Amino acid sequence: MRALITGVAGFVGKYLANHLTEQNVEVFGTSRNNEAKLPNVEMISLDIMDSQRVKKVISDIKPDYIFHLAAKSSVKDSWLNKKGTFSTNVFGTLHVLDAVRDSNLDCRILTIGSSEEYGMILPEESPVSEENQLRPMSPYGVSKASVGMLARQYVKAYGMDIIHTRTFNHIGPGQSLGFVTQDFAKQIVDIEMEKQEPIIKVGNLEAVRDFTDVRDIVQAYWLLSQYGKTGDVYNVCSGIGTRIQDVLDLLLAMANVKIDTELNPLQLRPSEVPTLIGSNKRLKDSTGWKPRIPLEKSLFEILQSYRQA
């Protein structure tokens, strides 16, 4: 009946809160933005790095569910901020887990991991299933791999109720800049608004990612909390690989001016996973989840968001 979402003012957070409120769940959300407000959410000021405040907030609210979304979410920025990505993602998670363990709460925690935990996938391994070797290629990936490992250990050592996800690329209106669909859509609309030369600036167009709309993601998170098996890991993904080139092409075909493409070398990463496509069989079998929103719709709605801003 009672859910706590850390990082509720983030991209996924707002959609998740909306989704839970519609399932008649009482929603509490935490953020560092002491002015942030969300419809039907009790908002709580919390820095996930303040271990004693994490333990106070969780002790006060006594949630039945925690969806732990507070994190440094950028792969790109983890190269520059390796330690900060690790302190926030690993230690923030530990503070949450230790709060529950200490309060001895009857609570299920969903920890949010990443397809970056897999990293380099052997061609024979794709689409990747949950038993696949973890070979992270980015510092972010190392942080999420550590979160997952600790999740499993807390289940084993302390009898806790934790489910870890490995979420693949998630997209939709409201995602911050620094992520590919936002970075591209934003330039396109600026070009339409004659605020930028008709030339779009891009990074690596050869990468392949598995994209799912944030609205489908939060349904999967809800369903996992309800039907998932304690201590299991679940891929949350569409099972379809799209080249970044084709994400760009889909977006450009929706623009109402002709647009040239140009390499921006500051968008390249020191090392990157060339391809990530996941198997969602475990998730589908456990929950009856299916993605519903096609990539084309997601991308169009992102363009619409910038256009109406």
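Numbering starts at 1 and runs along the sequence shown.
For this session: State which stretch shows the higher mean Cα B factor in the entry: 122-130 or 181-189.
Result: It is 122-130.
Exercise. As stated in the PDB record, which stretch has the larger average Cα B-factor, 294-302 or 16-24?
Worked result: The recorded data point to 16-24.
Exercise. Which is it among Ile61, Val54, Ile66, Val257: the one with the largest CA B-factor in the entry?
Worked result: Of the candidates given, the C-alpha B-factor peaks at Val257.
Exercise. Mind checking which third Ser138 falls in for C-alpha B-factor across the chain?
Worked result: Lowest third - that is where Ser138 ends up once the chain's C-alpha B-factors are sorted.
For this session: Sort the modelled residues of this chain by their C-alpha B factor and say whether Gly228 lands in the lowest, middle or highest third.
Result: Highest third of the chain for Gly228's C-alpha B-factor.
Exercise. Would the CA B-factor of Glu194 place it in the lowest, middle or highest third of its chain?
Worked result: For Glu194, whose C-alpha B-factor we compare with every modelled residue in the chain, the answer is the highest third.
For this session: Would you check the entry's CA temperature factor for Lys201 and let me know if it's in the chain's lowest, middle or highest third?
Result: Highest third, going by the recorded CA B-factors of the chain.
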